[PDB]
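Worksheet: the structure to be examined is printed underneath.
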Amino acid sequence: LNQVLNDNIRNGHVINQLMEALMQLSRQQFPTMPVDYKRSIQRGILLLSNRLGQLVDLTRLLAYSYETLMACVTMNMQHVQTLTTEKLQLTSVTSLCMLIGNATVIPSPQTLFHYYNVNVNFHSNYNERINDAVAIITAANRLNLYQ
Amino acid sequence: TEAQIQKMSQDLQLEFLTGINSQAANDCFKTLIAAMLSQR
Amino acid sequence: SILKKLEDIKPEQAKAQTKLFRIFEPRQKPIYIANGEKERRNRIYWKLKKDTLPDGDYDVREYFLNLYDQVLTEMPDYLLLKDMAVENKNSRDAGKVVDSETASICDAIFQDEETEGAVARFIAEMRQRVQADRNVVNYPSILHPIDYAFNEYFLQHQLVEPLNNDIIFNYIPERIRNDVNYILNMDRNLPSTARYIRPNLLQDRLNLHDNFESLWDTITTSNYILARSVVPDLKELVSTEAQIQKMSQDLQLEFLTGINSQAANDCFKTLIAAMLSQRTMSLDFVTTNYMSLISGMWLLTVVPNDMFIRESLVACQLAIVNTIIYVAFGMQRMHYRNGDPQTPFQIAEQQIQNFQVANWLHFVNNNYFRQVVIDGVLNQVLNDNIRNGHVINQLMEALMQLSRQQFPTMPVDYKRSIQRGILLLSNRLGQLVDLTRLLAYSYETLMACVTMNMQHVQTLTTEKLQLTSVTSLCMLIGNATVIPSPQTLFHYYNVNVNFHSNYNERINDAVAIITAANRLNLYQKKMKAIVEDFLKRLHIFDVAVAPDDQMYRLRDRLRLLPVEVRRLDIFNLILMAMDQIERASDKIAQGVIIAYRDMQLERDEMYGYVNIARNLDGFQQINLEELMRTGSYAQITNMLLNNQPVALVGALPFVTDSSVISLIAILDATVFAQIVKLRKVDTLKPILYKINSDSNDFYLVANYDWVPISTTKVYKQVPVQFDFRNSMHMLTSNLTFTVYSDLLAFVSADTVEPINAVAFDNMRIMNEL
């Protein structure tokens, strides 16, 4: 089982719609808002809007690396809401969006093979320990080791 | 980082820019991709 | 600092060609008979002057982009062939040829046993012909067809144009010429051979005033500094001590802060320069200075309100209404909510019944600049009432109504203070009309010297203005008029022309390079360097601070522009002769054909027998560039293993081997196993056989009478011979001329008496006596 992304974000085309929305917001009137704060907000919007090409590149780079690393996962990618969550900093997201450059970085083949080997080893160990536990439990129940 | 921070400060005209740097950018990249991979 | 940077931009330097641009030269080579024996005489072939072509198609295209840059740098603006003229020693008439290398070629051909009498007589008759009446000269030259194409283009597309007194005078802006305050003069009748180069003054093509707010802010601040430098200094201001004592008597102290000539000149310059450069300006004031408020009323009357950031304008207007207007009419204080779509004046004109005050407020609300294209340049013209100073009458009528009001709900001292301040201005009423029309006239005259569109977009940063400085100007302006001097106007115009011309020339350079790289398909090249060079050459920006995204947006903006005619023509010549130039090299081949079949070596005079292929007809082609980009050696590995005949196409280096023993041993067929084993083709180096009488083993070919045969061939071109008569061309150019720059140096200008300086309405700017 794999958790797959929408093709529009895989190729990065939705960033164009995002920048359309941001441009509309930037030329929006903002009724009743104080003028200097309005200008700051809309120039902040333009800061991200004027990075259309860079953000398209960032999105499709992120999608490609996710696909390539997901090709090396062996267990089902079951999606559940976890008890404890990883904290993500919107400041860090801003830094990524405002500093992403022009160089494509992709996993090295050795890195992919290492990730795949680790996943395969963990998966096979998981199944083999299941087999050991089930065998022992069944043997105990068959030999009537009630204690 | 310095050039981008300077332009952001000029555009925002803060009569915000904290936490913006290459370390944070890489941390966010890794966090997003790894969280998607592990379904965390 | 900024002024130094913007004034140091020098006008474009004229480039005069000193030598003929050449890519080829004749080289004398041995030639062999059909059977491979030396012909006992030599032959001359065209060869590259600099055989530096690299291996790989991508590298070849990079080399040709670099060659395009070289030619663009070599392009001359004007050209005089007599400068590149040397005596042809073998001419019967002792004539002259049009280059040192031409003379060298003529000398070498003439002093040669193998040369034929026909060529000798041709050289003897080569000479130049001068037509003094038409001011033309024709010189013979010897150029390979491609070189001749380039040099003929240079000769036919020079940038110089005729010059004379009428052109020099017309170079001045029309509005200065049409201005009766300036008398222009000349003391030189330029000849009929004078030349000049017109600046490139196309209006901004990148539209930097749209979505490039940081770059636009830099441009605007540079223009603002320049405008401040050129705005004249006020003269004969009323003595500050006298004015202070007089207004102390008027106010009966028992308002004056910031009154002085320094602040008066500061305010005058700041206003005019801010309007010229379209810099937004903020207003700095303290609500406790009612005189500052009154002077702000005058300022908002005179200068259109779009020149202030909304918050400063709104603060000033709110202070004005709540301290003067509503108070005088006994109206409740305006609770003005920040961010309201309407300004305090816009609200007050609706709430106020008095016609004078309402009319003045309405004028202030709906007063705008007018965008007008004047003499091909967009200008922000003021209202004619402001230009002739009539708005001051409206302002004073409003102020008089306010001072007449009864000020209900406030103690008597409040009304007393308000009317004392209004009196301070009313005493200066006439001086206010004079100051208004003086400001308008100086603005118009300095705006006549602007060459780039006066775009009106609020800037990131603002210029601070003190209402105390406005008050000082209003309280200290005297009777003397100040008109921009003709020298200052010419200097301002020349600075603007230089900046505009540099801007357009760098735009053209960047566009040409970008379009050429796209045409040559340099898909691994990043143009951030090109944009960085463009911005650095603009001389006023901080490229180190400009981030990458802005530079790539600039590249996108540049990509849509058309290419200059001359640069586009140069690129077209380069790209059409590109194949010939690449294939004339002796350092690379165009590919290798592996046939696995016996193919007789082709016989060429300058090689003997050679395994040359002129065309890849009948062979499946593999693109080595694509192979190296992709890295998948599956197709080529399979073909090499299965001995399937193929043609590996690309720019390859080759090893020239002249051993008949090697040819018999079939060494040329043993150079491809490396592709299969190492799985790389960047080291591929096919063997070009060269069998002839100088091969040290040619007795095998001579005695056994066999045509040599090889199983592989090198895709190459045979060099083209050098035909002297066919290569002689007569280059034509002007005999002589002198190229002038800085046209306004020939014009001497002076002003009329300042007392008699006349405004647009034919009346004196300042009339107070």
Side-chain angles (χ1 to χ4, degrees), chain C residues 3-4 6-11 165-188 196 198-199 201 222-235 265 268-279 372-382 387 437-454 480-502 740-760 764-766:
Chain C
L3 186 61
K4 193 190 305 307
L6 196 71
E7 294 178 346
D8 283 357
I9 306 184
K10 313 192 308 308
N165 291 21
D166 77 328
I167 287 175
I168 292 171
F169 238 79
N170 288 12
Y171 182 65
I172 304 171
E174 280 187 357
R175 278 177 282 175
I176 303 303
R177 272 148 42 199
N178 193 33
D179 191 321
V180 298
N181 293 345
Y182 304 100
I183 308 300
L184 309 178
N185 194 336
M186 295 181 62
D187 65 332
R188 218 77 71 180
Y196 82 117
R198 292 196 304 95
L201 302 181
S222 301
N223 286 345
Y224 171 84
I225 297 299
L226 177 67
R228 281 188 66 95
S229 66
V230 304
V231 162
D233 294 63
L234 297 176
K235 289 167 62 182
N265 295 17
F268 189 69
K269 288 181 180 57
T270 301
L271 286 177
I272 289 172
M275 290 197 296
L276 285 173
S277 53
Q278 294 305 142
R279 277 287 270 183
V372 179
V373 187
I374 307 175
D375 304 332
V377 175
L378 185 77
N379 300 145
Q380 311 291 321
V381 187
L382 289 165
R387 297 212 299 160
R437 56 201 287 100
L438 172 64
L439 185 109
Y441 176 83
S442 50
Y443 175 66
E444 302 154 41
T445 308
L446 292 173
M447 175 169 61
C449 303
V450 167
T451 64
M452 298 182 68
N453 287 337
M454 294 186 62
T481 309
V482 279
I483 304 292
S485 62
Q487 293 81 65
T488 297
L489 293 178
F490 293 167
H491 175 255
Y492 192 33
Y493 183 69
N494 288 333
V495 169
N496 291 334
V497 166
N498 287 6
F499 179 80
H500 201 180
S501 310
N502 189 22
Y740 297 95
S741 49
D742 187 9
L743 300 179
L744 296 178
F746 289 108
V747 171
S748 63
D750 62 330
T751 314
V752 73
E753 183 184 351
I755 287 285
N756 296 4
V758 151
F760 78 96
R764 292 182 172 73
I765 300 168
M766 291 190 150

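The basis for the numbers below is simple: all heavy atoms, side chains too, and nothing from hydrogens, waters or symmetry mates. We name chains A, B, ... by the order of the sequence lines, and we start the count at 1 in each one.
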Shortest non-hydrogen contact from [X] to [Y]?
| X | Y | value |
| --- | --- | --- |
| C:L3 | C:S229 | CD1-OG, 3.6 Å |
| C:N453 | C:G376 | OD1-O, 4.4 Å |
| C:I176 | C:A448 | CD1-CB, 3.9 Å |

Main-chain N/O of [Y] paired with [X] side-chain donor or acceptor, under 3.5 Å:
| X | Y | answer |
| --- | --- | --- |
| C:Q380 | C:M454 | yes |
| C:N181 | C:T751 | no |
| C:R177 | C:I172 | yes |
| C:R437 | C:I765 | yes |

Is any side-chain heavy atom of [X] closer than 4.5 Å to a side-chain heavy atom of [Y]?
| X | Y | answer |
| --- | --- | --- |
| C:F169 | C:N165 | no |
| C:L201 | C:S501 | yes |
| C:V180 | C:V752 | no |
| C:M275 | C:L439 | yes |

- Message: Within this structure, what is the OH-OH distance for the pair C:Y171 and C:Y196, rounded to the nearest 0.5 Å?
- Response: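 Atom-to-atom, C:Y171:OH and C:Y196:OH are 9.5 Å apart.
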- Item | Pairwise side-chain hydrogen bond (donor to acceptor under 3.5 Å, both in side chains) hits with a residue in residues 486-498 of chain C, at least two apart |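 Residue pairs with at least one partner in residues 486-498 of chain C: C:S485-C:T488.
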